[PDB]
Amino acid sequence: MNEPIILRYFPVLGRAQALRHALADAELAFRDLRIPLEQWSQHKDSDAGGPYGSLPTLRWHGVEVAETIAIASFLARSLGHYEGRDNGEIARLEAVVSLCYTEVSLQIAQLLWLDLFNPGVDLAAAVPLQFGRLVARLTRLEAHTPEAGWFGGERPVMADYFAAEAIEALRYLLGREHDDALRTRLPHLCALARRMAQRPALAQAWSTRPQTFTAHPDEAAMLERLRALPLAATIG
């Protein structure tokens, strides 16, 4: 299993799934190292945890990299995603990653952890707000999402991998009942996520896709509480 590329994260989707996709889709051999949370207090102050004792981390041919956003940009540079692009075009692609990570992936995770991080919170009041913000942000991304192909043009770049996982994150939270509503509000992002799921070089990644979004002890419990709430009316 001894790879010169190593991506380290927990056995969950949260902050790293897009990064897994970028590496698999470039047909790089890499070790998808999934560190269990029970074993993580051992890795915090070791090399796997990196300078800041947090995940994800990447090792790329001897070079250690930390933090999801920095890794994304490092990979974009390393895979040629910015070749022939001026700073303005690059910044547009980095805005997409940044928006998907900050406003969607971290927020979906916060919604799942909301009880344990905000004791006594009224889910029925708090969720519609935070969720409504989250959909509003994706709604604006959708307005600049191309009808065909990728943010990267004829080929996918980091923005594409993050945008597709932002849709899967949202779909995971809502459940399959509400696919029709998503397709109505986010048609171009939905279609892009579908295209990404069909890429042959991602077949193994889909095959080994992690089941949960965070390491929440009972995430299934939290979801059914979240899905009891009227989130569909927020979309429409």
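All residue numbers are counted from 1 along the displayed sequence.
- On average the C-alpha atoms of 137-145 have higher B-factors than those of the other stretch, with 152-160 and 137-145 being the two compared.
- For the two regions 93-101 and 117-125, the entry's Cα B-factors average higher over 117-125.
- Considering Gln198, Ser207, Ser54, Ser46 together, the PDB entry gives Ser46 the largest C-alpha B factor.
- As recorded in the PDB entry, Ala220 shows the highest C-alpha B-factor of the residues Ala220, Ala18, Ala24, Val12.
- Among the modelled residues of its chain, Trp60 has a C-alpha B-factor that falls in the lowest third according to the deposited record.
- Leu37: CA B factor lies in the highest third for its chain, per the PDB record.
- When all modelled residues of the chain are sorted by CA temperature factor, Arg176 is found within the highest third.
- The PDB entry assigns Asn87 a C-alpha temperature factor belonging to the middle third of its chain's modelled residues.
- In this PDB entry, the Cα temperature factor of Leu7 sits in the bottom third of its chain's modelled residues, the lowest group.
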